[PDB]
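*Asks:* Need a 3D model of the sequence below.
(one chain, ligands or ions: 2)
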Amino acid sequence: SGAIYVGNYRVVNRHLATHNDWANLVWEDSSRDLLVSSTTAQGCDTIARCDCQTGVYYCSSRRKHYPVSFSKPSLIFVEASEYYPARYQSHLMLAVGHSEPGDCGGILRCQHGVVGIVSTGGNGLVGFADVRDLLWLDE
Ligand SMILES: Cc1ncccc1CC(=O)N1CCC[C@H](C(N)=O)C1
Ligand SMILES: [Zn+2]
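*Replies:* Numbering: from 1, shown residues only. Ligands and ions are numbered 1, 2, ... in the order given. Take a look at the structure below.
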């Protein structure tokens with residue numbers, strides 16, 4: 001689990017969104033596994049605006065942060081789960097690293113700020129849903 005809080009927005013994995021997230025929906029994209037809901041309180045996470053391919057991610061199944069090299073956001077084939085049939089997920093970044101299903105929502109950060117959140121995994125490869133292109137998160 002996990003979320004990004006920026007301005008009056010909450011960014012979460014779409015497959016983990018709550019009834020409150022859907023009742024205050026701002027934007028959602030099944031192809032990216034992203035959902036953004038509105039908040040009353042103001043968040044102060046910083047979103048990275050860059051093309052960094054190195055960063056650090058939080059892995060809750062190990063209570064540890066790991067440094068990783070990751071690919072640029074792209075369309076990647078993702079196996080079926082209880083939340084989606086087999087499909088291509090867009091804006092996804094892969095790295096060699098550990099993850100388990102409950103790790104979804106852990107933040108990936110570079111020197112510029114928040115890059116994305118864990119969204120997929122398996123076979124020792126972890127995938128992060130990018131948020132750097134969502135320029136509206138700051139206004
Ligand atoms: C994160 C993880 N790590 C290892 C094994 C398995 C997983 C879980 C995983 O990949 N999923 C399940 C939930 C929805 C995901 C999606 N965006 O389609 C795919
Ligand atoms: Zn960066």
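
*Asks:* Got phi/psi on the residue nearest the centre of the chain?
*Replies:* Nearest residue to the geometric centre of the chain (CA atoms, centre = their mean): residue 117, 2.4 Å. Main-chain dihedrals, residue 117, degrees, to the nearest 10: phi -130, psi 150.

*Asks:* ok, it to ligand 1 distance?
*Replies:* 10 Å (CB to the nearest ligand atom, to the nearest Å). Every C-beta, even on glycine, is put in place using the N, C-alpha and C of the backbone.

*Asks:* dump the residue contacts of that residue.
*Replies:* Each residue near residue 117 by CB atoms under 8 Å, 6 or more residues apart in numbering is listed here: 2-4, 11-13, 104-108, 128-129, 131.

*Asks:* can you put these in CSV and add secondary structure, neighbour count and distance to ligand 2?
*Replies:* Formatted as CSV, those follow (DSSP: H, G, I helix; E, B strand; the rest coil; neighbours: other CB atoms under 10 Å; distance: CB to the ion, whole Å):
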residue, secondary structure, neighbour count, distance to ligand 2
2, coil, 17, 19
3, strand, 21, 20
4, strand, 21, 15
11, strand, 29, 17
12, strand, 22, 22
13, strand, 21, 21
104, coil, 23, 22
105, coil, 20, 20
106, coil, 22, 17
107, strand, 22, 13
108, strand, 26, 10
128, strand, 28, 13
129, strand, 26, 16
131, coil, 25, 12
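
*Asks:* Quick check: which of the residues you listed are also close to ligand 1?
*Replies:* Counting by CB under 6 Å from any ligand atom, residue 104 from these sit close to ligand 1.

*Asks:* out of the contacts of residue 117, which one sits closest to residue 37?
*Replies:* residue 12 (7.3 Å; CB to CB).

*Asks:* Roughly how far does that closest one sit from residue 36?
*Replies:* Distance of residue 12 to residue 36, computed by CB to CB, to the nearest Å: 8 Å.

*Asks:* now do residue 23
*Replies:* From residue 23 to residue 36 the distance is 13 Å (CB to CB).
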